[PDB]
file structure.txt (compact mmCIF, N, CA and C atoms)
# COMPACT_ATOMS: atom_id res chain seq x y z
N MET A 1 207.55 97.90 31.48
CA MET A 1 208.76 97.08 31.48
C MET A 1 208.61 95.90 32.43
N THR A 2 207.88 96.11 33.52
CA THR A 2 207.67 95.06 34.51
C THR A 2 206.44 94.23 34.17
N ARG A 3 206.23 93.16 34.94
CA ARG A 3 205.09 92.28 34.71
C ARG A 3 203.77 93.04 34.84
N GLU A 4 203.74 94.01 35.76
CA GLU A 4 202.55 94.81 35.98
C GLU A 4 202.21 95.64 34.75
N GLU A 5 203.11 96.55 34.39
CA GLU A 5 202.91 97.41 33.23
C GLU A 5 202.55 96.58 32.00
N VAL A 6 203.31 95.52 31.76
CA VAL A 6 203.07 94.65 30.61
C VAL A 6 201.70 93.99 30.70
N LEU A 7 201.44 93.32 31.81
CA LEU A 7 200.16 92.65 32.02
C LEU A 7 199.00 93.61 31.77
N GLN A 8 199.09 94.80 32.34
CA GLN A 8 198.05 95.81 32.18
C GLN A 8 197.86 96.17 30.71
N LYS A 9 198.92 96.70 30.10
CA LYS A 9 198.88 97.09 28.70
C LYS A 9 198.26 95.99 27.84
N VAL A 10 198.87 94.81 27.86
CA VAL A 10 198.38 93.68 27.09
C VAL A 10 196.89 93.46 27.33
N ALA A 11 196.49 93.47 28.60
CA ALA A 11 195.09 93.27 28.97
C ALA A 11 194.22 94.39 28.40
N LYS A 12 194.77 95.60 28.34
CA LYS A 12 194.04 96.75 27.82
C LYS A 12 193.93 96.68 26.30
N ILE A 13 195.07 96.69 25.63
CA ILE A 13 195.10 96.63 24.17
C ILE A 13 194.27 95.46 23.65
N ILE A 14 194.31 94.35 24.38
CA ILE A 14 193.56 93.16 24.00
C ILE A 14 192.07 93.33 24.27
N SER A 15 191.75 93.79 25.48
CA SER A 15 190.36 94.00 25.87
C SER A 15 189.74 95.15 25.06
N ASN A 16 190.59 95.92 24.39
CA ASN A 16 190.13 97.04 23.59
C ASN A 16 189.95 96.64 22.13
N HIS A 17 190.91 95.86 21.62
CA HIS A 17 190.86 95.40 20.24
C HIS A 17 189.72 94.41 20.04
N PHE A 18 189.61 93.44 20.94
CA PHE A 18 188.57 92.43 20.86
C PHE A 18 187.39 92.80 21.76
N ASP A 19 186.43 91.88 21.87
CA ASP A 19 185.25 92.10 22.69
C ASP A 19 185.36 91.35 24.02
N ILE A 20 186.59 91.04 24.41
CA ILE A 20 186.83 90.32 25.65
C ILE A 20 186.82 91.26 26.85
N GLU A 21 186.62 90.70 28.04
CA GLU A 21 186.58 91.50 29.26
C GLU A 21 187.98 91.63 29.86
N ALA A 22 188.41 92.87 30.07
CA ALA A 22 189.73 93.14 30.64
C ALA A 22 189.87 92.49 32.01
N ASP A 23 188.74 92.16 32.62
CA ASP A 23 188.73 91.53 33.94
C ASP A 23 188.63 90.01 33.82
N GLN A 24 187.99 89.55 32.76
CA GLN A 24 187.82 88.12 32.53
C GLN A 24 189.09 87.51 31.94
N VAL A 25 189.80 88.31 31.15
CA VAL A 25 191.03 87.85 30.52
C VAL A 25 191.92 87.11 31.52
N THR A 26 191.97 85.79 31.40
CA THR A 26 192.78 84.97 32.29
C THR A 26 193.77 84.11 31.51
N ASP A 27 194.78 83.61 32.20
CA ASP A 27 195.79 82.77 31.57
C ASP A 27 195.17 81.48 31.03
N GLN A 28 193.98 81.16 31.52
CA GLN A 28 193.28 79.95 31.09
C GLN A 28 192.24 80.27 30.01
N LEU A 29 192.35 81.46 29.43
CA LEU A 29 191.43 81.89 28.39
C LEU A 29 192.17 82.54 27.23
N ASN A 30 192.82 81.72 26.41
CA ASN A 30 193.57 82.21 25.26
C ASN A 30 192.68 83.07 24.36
N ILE A 31 193.14 84.29 24.09
CA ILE A 31 192.39 85.21 23.24
C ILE A 31 192.34 84.71 21.80
N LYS A 32 193.48 84.24 21.30
CA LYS A 32 193.56 83.73 19.94
C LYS A 32 192.41 82.77 19.64
N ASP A 33 192.14 81.88 20.59
CA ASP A 33 191.06 80.91 20.43
C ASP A 33 189.73 81.49 20.91
N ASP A 34 189.69 81.91 22.17
CA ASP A 34 188.48 82.48 22.74
C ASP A 34 187.86 83.50 21.79
N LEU A 35 188.63 84.51 21.42
CA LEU A 35 188.15 85.55 20.52
C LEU A 35 188.22 85.09 19.07
N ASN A 36 189.02 84.05 18.82
CA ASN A 36 189.17 83.51 17.48
C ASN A 36 189.86 84.51 16.56
N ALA A 37 190.68 85.37 17.15
CA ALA A 37 191.41 86.38 16.38
C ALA A 37 192.08 85.76 15.16
N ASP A 38 192.10 86.51 14.06
CA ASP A 38 192.72 86.03 12.83
C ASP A 38 194.21 85.77 13.03
N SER A 39 194.85 85.20 12.01
CA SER A 39 196.27 84.90 12.08
C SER A 39 197.11 86.14 11.80
N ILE A 40 196.79 86.83 10.71
CA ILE A 40 197.51 88.04 10.34
C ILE A 40 197.62 89.00 11.51
N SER A 41 196.52 89.20 12.22
CA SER A 41 196.49 90.09 13.37
C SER A 41 197.63 89.78 14.34
N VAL A 42 197.94 88.49 14.47
CA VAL A 42 199.01 88.05 15.36
C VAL A 42 200.32 88.77 15.03
N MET A 43 200.57 88.98 13.75
CA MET A 43 201.79 89.65 13.30
C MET A 43 201.84 91.08 13.83
N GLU A 44 200.67 91.65 14.11
CA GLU A 44 200.58 93.01 14.61
C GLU A 44 200.72 93.04 16.13
N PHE A 45 199.93 92.21 16.81
CA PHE A 45 199.96 92.14 18.27
C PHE A 45 201.36 91.76 18.76
N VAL A 46 201.98 90.80 18.08
CA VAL A 46 203.31 90.34 18.45
C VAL A 46 204.34 91.45 18.24
N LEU A 47 204.01 92.41 17.39
CA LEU A 47 204.90 93.53 17.10
C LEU A 47 204.81 94.59 18.19
N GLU A 48 203.60 95.09 18.42
CA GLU A 48 203.38 96.11 19.44
C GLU A 48 204.00 95.71 20.77
N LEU A 49 203.75 94.46 21.17
CA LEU A 49 204.29 93.95 22.43
C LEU A 49 205.81 93.93 22.40
N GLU A 50 206.38 93.59 21.25
CA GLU A 50 207.83 93.54 21.09
C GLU A 50 208.43 94.94 21.08
N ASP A 51 207.64 95.91 20.63
CA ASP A 51 208.09 97.29 20.56
C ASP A 51 207.93 97.98 21.91
N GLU A 52 206.70 98.06 22.39
CA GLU A 52 206.41 98.69 23.67
C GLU A 52 207.33 98.14 24.76
N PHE A 53 207.24 96.84 25.00
CA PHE A 53 208.06 96.19 26.02
C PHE A 53 209.52 96.14 25.59
N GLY A 54 209.75 96.12 24.28
CA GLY A 54 211.11 96.08 23.77
C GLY A 54 211.75 94.71 23.93
N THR A 55 211.10 93.69 23.39
CA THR A 55 211.60 92.32 23.49
C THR A 55 211.43 91.58 22.17
N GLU A 56 212.38 90.69 21.87
CA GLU A 56 212.33 89.92 20.64
C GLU A 56 211.48 88.66 20.82
N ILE A 57 210.46 88.52 19.98
CA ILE A 57 209.57 87.37 20.05
C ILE A 57 209.82 86.41 18.88
N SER A 58 210.20 85.18 19.21
CA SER A 58 210.48 84.17 18.20
C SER A 58 209.29 84.01 17.25
N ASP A 59 209.53 83.38 16.11
CA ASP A 59 208.48 83.16 15.12
C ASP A 59 207.63 81.95 15.50
N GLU A 60 208.24 80.99 16.19
CA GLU A 60 207.53 79.79 16.61
C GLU A 60 206.73 80.04 17.89
N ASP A 61 207.43 80.39 18.96
CA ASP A 61 206.78 80.66 20.24
C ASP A 61 205.68 81.70 20.08
N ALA A 62 205.84 82.58 19.10
CA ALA A 62 204.85 83.63 18.84
C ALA A 62 203.48 83.03 18.57
N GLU A 63 203.45 81.74 18.24
CA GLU A 63 202.20 81.05 17.95
C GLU A 63 201.57 80.51 19.23
N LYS A 64 202.39 80.31 20.25
CA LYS A 64 201.92 79.80 21.53
C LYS A 64 201.65 80.95 22.51
N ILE A 65 202.57 81.91 22.55
CA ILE A 65 202.44 83.05 23.44
C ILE A 65 201.39 84.03 22.92
N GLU A 66 200.15 83.55 22.81
CA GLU A 66 199.05 84.38 22.33
C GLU A 66 197.93 84.46 23.36
N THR A 67 198.24 84.06 24.59
CA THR A 67 197.26 84.08 25.67
C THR A 67 197.65 85.08 26.75
N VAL A 68 196.68 85.44 27.59
CA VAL A 68 196.93 86.40 28.66
C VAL A 68 198.17 86.02 29.46
N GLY A 69 198.26 84.76 29.86
CA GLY A 69 199.41 84.30 30.62
C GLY A 69 200.59 83.96 29.73
N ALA A 70 200.32 83.29 28.62
CA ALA A 70 201.38 82.91 27.68
C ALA A 70 202.11 84.14 27.15
N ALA A 71 201.49 85.30 27.30
CA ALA A 71 202.08 86.55 26.83
C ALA A 71 202.99 87.16 27.89
N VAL A 72 202.40 87.57 29.01
CA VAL A 72 203.15 88.17 30.10
C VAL A 72 204.27 87.25 30.57
N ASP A 73 203.96 85.95 30.65
CA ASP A 73 204.93 84.96 31.08
C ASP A 73 206.15 84.95 30.16
N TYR A 74 205.94 85.39 28.92
CA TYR A 74 207.02 85.42 27.93
C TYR A 74 207.77 86.75 28.00
N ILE A 75 207.03 87.85 27.89
CA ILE A 75 207.63 89.18 27.93
C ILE A 75 208.40 89.39 29.23
N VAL A 76 207.82 88.95 30.34
CA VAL A 76 208.46 89.09 31.64
C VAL A 76 209.68 88.17 31.76
N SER A 77 209.45 86.87 31.64
CA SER A 77 210.53 85.89 31.73
C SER A 77 211.67 86.26 30.79
N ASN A 78 211.34 86.91 29.68
CA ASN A 78 212.33 87.32 28.70
C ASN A 78 212.99 88.63 29.11
N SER A 79 212.20 89.53 29.68
CA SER A 79 212.71 90.83 30.12
C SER A 79 213.21 91.64 28.92
call {"tool": "encode", "arguments": {"input": "structure.txt", "output": "structure tokens"}}
result
Amino acid sequence: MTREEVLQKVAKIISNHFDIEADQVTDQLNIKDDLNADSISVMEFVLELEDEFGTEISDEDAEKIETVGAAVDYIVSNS
């Protein structure tokens, strides 16, 4: 629910789904681009995060909030 739990989970699920480093994952390293994750996948990642954390993610911002920081900064700031 907090920035910690969220940041961790996201970093884990992401570092687990892709071949990125859970330690390298930085706000300046968008996974969507870095990993080049597909578009459809976004519909899934944006869901799990919205479910686990329990927050509504817009359809537009959902295209920007696809980075380590762009994610937590959204889930947290949104609460």
call {"tool": "residues_around", "arguments": {"input": "structure.txt", "residues": "stretch 24-36 of chain A", "least_positions_apart": "3", "cutoff": "5 Å", "atoms": "all atoms listed in the file", "output": "number ranges by chain"}}
result
A: 21, 66-69
call {"tool": "atom_distance", "arguments": {"input": "structure.txt", "atom1": "atom N of residue A:5", "atom2": "atom C of residue A:75"}}
result
10.3 Å
call {"tool": "atom_distance", "arguments": {"input": "structure.txt", "atom1": "atom CA of residue A:15", "atom2": "atom CA of residue A:54"}}
result
21.0 Å
call {"tool": "atom_distance", "arguments": {"input": "structure.txt", "atom1": "atom N of residue A:53", "atom2": "atom C of residue A:6"}}
result
8.4 Å
call {"tool": "residues_near_point", "arguments": {"input": "structure.txt", "point": "(201.1, 94.9, 18.2)", "cutoff": "12 Å", "atoms": "only C-alpha atoms", "output": "PyMOL selection string"}}
result
chain A and resi 9-10+13-14+17+40-54+57+62+66
call {"tool": "select_by_dssp", "arguments": {"input": "structure.txt", "residues": "chain A", "states": "helix (DSSP H, G or I)", "output": "ChimeraX atom specification"}}
result
/A:3-17,31-34,40-52,61-63,68-78
call {"tool": "residues_around", "arguments": {"input": "structure.txt", "residues": "residue A:7", "least_positions_apart": "5", "cutoff": "10 Å", "atoms": "only C-alpha atoms", "output": "PyMOL selection string"}}
result
chain A and resi 1-2+12+68-69+71-73+75-76
